[PDB]
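For reference, the chain that follows is the form deposited in one PDB entry, supplied as structure tokens.
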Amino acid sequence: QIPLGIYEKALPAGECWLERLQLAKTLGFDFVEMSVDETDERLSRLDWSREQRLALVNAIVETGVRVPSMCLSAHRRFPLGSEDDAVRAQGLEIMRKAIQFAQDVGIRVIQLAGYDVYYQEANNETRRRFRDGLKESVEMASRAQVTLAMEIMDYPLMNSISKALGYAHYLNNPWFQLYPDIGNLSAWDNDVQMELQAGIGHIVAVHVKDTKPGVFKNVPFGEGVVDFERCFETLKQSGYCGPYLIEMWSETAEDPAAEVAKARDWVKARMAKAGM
């Protein structure tokens, strides 16, 4: 088996989760990755009532479609490296609330964004604050027993598996792992296939998307520089047995389901070629 998931933001935008999960099932997916992004609407999920949390658990159990991971891109707006101590405190409360939320609804993995700061310029001060924020986050994670997994990013601080492995060695904690995005990994000057193999005992999930140098969003599958077949071959041959998540933003398309179905078959053909 190869568990295959779809990004929340590839599907229609309604906060109706049972409908979302039914659609994913219909489209042939095993799971949906939730996004808790910079928007107040998705951020407000962290303030959901017990009944709202439990309704999500209900929909998951009823449909069989899991929500095993949360993409926590809210830290782009409230980064852990902020020299604004108010903004940083806000990033840390979001982290705490995301961990409690994951405990409540049974999310397995919180995918962290490797930004020390995004909208502000980086320096030694922001990197040190990010490092300390990350250590604090992993401590909360260790208490809760919730996996935090650093994504390989559209940003120089975390633009390879190697740099994430640096953080993993520093932290030396079972609850801090790796969540490579093969698109982001391919959009710099990395030896991608060597990076995938190097990270193996730390890789808990894989984001599947295409990219170009300096273009990390909305590059159509096949129009970028990602060698999908090679990546899948490397991961399979190195013993990877975890999930793959198709990352796309077709929520805005005329027919989101149709865009998703085409990307699904496209991605699946390449996995099949790679022996999976």
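Residues that one form lacks are left out of the comparison. Each form is matched to the other, and the largest set of C-alpha atoms that superpose within 1.5 Å is called the rigid core. In case it trips you up, residue 1 is the first one in the sequence shown, and so on.
Not on display, but discussed next: the form deposited in another entry.
Trainee: Which listed residue, 73, 120, 100, 90, is the one whose CA shifts 2 angstroms or more between the shown form and the other one with the rigid core aligned?
Mentor: The one that moves 2 Å or more is 120.
Trainee: Work out the direction of the Cα-Cα change for residue 119 and residue 39 in the other form: closer or farther than in this form? It's 3 angstroms or more.
Mentor: Residue 119 and residue 39 sit farther apart in the other form.
Trainee: Looking in the other form, are the Cα atoms of residue 116 and residue 242 closer together or farther apart than here, the change being 3 Å or more?
Mentor: Closer in the other form, by 3 Å or more.
Trainee: Superpose on the core, then tell me which runs of at least 3 consecutive residues have all their CA atoms shifted by 2 Å or more between the shown form and the other one.
Mentor: Shifted run of three or more residues, which all move 2 Å or more: only 113-122.
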